[PDB]
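Quick heads-up: it's one chain on its own, the form deposited in one PDB entry, in C-alpha cells.
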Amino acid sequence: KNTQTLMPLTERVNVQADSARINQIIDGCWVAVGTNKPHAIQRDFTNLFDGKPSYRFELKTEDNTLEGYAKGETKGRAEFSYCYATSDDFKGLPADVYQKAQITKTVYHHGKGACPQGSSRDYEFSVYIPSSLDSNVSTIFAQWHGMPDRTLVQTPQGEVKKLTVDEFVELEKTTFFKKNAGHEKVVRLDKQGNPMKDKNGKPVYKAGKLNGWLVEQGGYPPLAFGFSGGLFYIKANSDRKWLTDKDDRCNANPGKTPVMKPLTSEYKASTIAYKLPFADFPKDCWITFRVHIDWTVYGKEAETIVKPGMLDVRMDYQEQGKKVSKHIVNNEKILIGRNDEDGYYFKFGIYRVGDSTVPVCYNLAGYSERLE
C-alpha cells in the first residue's frame, strides 16, 4: 500500500503439497517458490520489458536454503512456477481429494500450467543480464521441470509397483520418506521421554533405517538454461527408466562436453545443446528466447524411446542499434523428457546449483507458451 521503485513479492507456495491462495498468485499466472527474503524477488518498475515492469531476482551469498545430493552440499532457489493448483481446482469435490493430494504431493496435478507427455510446445521468455553479474555464477535461469509419478514405488522385494493414491497414503502411515528413500517411521522422543508434537499439534517422526521402499522423486530438469564455469549453456536431459534411479548420475559438464554429443548411462542422456563463453553473452539488454520443444515419447513400463524429441531455440536482442536473431539451437533431434505419466512445466528465476554461493542478480520477463 505504498509504491516503490522495487516492490517485494514475498508470498511462496509449495506447489506439490499445497494449493495457492488467490493472494499468492502473481500477475494472474505465477506462484513463487524458494526463499522468502524481500530482496529475493521484486517487481521492478526501473527496468522495463515491453513497457511493463520486469521481475528482479537476487540471491545473496547467504541465501542457500536447500540441501544438494552430495554430502554437505547446498543450493539456493527463488523462482516462479507456471504450474500450480488453486482452491478452485478442488471446489465441489469430496474433501479427501485435496487431503490425499497434499499427502502424495500431487496437488499441482490438479491445476494449470503443465504440458502433456510427448507433446509439442512453443515457449518464449526474456532475460536481462546486467554487467554486474560475475562470470563465475553457477545458476539456472529458466528450466522445464518434470512431474514424477508420486505413487510409483519399488517394494522391499525389488519390484516396481504403481500404487493407487489410497494405497500410497496407507504406505505413508508406516514409511518415512527421505526424499526418494523409505525409512522405518520412528516416533521421535522429546528429551522428556514423550512422543514429540509438531508446533501445531501434529505428531513427529524421524527416519530409522532404510525399510526397503523407494518412491520416484527429484531428477534432473529435462531442459535448463544457465551459466556455469564461465559458460552460458542449454542442457537437455532424458530419463527413460519407468522408476527413476536417483543414483544414476548422468549430468553433462558444459565446459568438458562438446555440443550435441550426449553423455549417456543405461537409461539417461544429458546433452549440451548450446554453449557460449560468458563474456560473449550480451549484458545490459533484454534478450528474448523462442524455444520449440517436441518432447521425447517414452514407452512407460517398456522403458523404450518410442520417438526422440527435438529442440529449437532462437535468441533475439538489440545490438548497437539493430535487431539480431541467432538460431542457436537449430531443429536438433535430441532426447529430452522423462518416462512418467505426467509432462512438464516451466520455471524461471535463480536456481543456484553446484554448491555455489556467488551472488546472482538479473531480471526476467515476458513469458508465454502456446500449444503448437
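Residues carry their position along the shown sequence, with the first being 1. Residues that one form lacks are left out of the comparison. Heads up, when I say rigid core I mean the largest set of C-alphas that superpose within 1.5 Å between the two forms.
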_Averaging CA B factors per stretch from the PDB record, which one is higher: 231 to 239 or 250 to 258?_
250 to 258
*Quick one: higher average CA temperature factor, 52 to 60 or 300 to 308?*
300 to 308
_Peak C-alpha temperature factor (PDB record), options 177, 168, 108, 141_ = 177
*From 151, 265, 132, 200, pick the one with the largest CA B-factor in the entry?*
200
_Can you tell me whether residue 279 has a C-alpha B-factor in the lowest, middle or highest third compared with the other modelled residues of the same chain?_
middle
*asked:* Test of reading the entry: by CA B factor among the chain's modelled residues, which third contains residue 34?
replied: middle
*Based on the entry's values, in what third of the chain does the Cα temperature factor of residue 365 lie: lowest, middle or highest?*
lowest
*Should residue 46 be placed in the lowest, middle or highest third of its chain by the C-alpha B factor in the entry?*
middle
*Split the chain's modelled residues into thirds by Cα B-factor; is residue 118 in the lowest, middle or highest one?*
middle
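The following text describes the form deposited in another entry, which does not appear among the structures shown.
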_Shifts of 2 Å or more at the CA atom, core superposed, between this form and the one not shown: which of the listed residues 88, 301, 96, 198 is the one?_
198
*Relative to the superposed rigid core, which consecutive-residue segments of length 3 or more display CA displacements of 2 Å or more between this form and the one not shown?*
1 to 4, 196 to 203
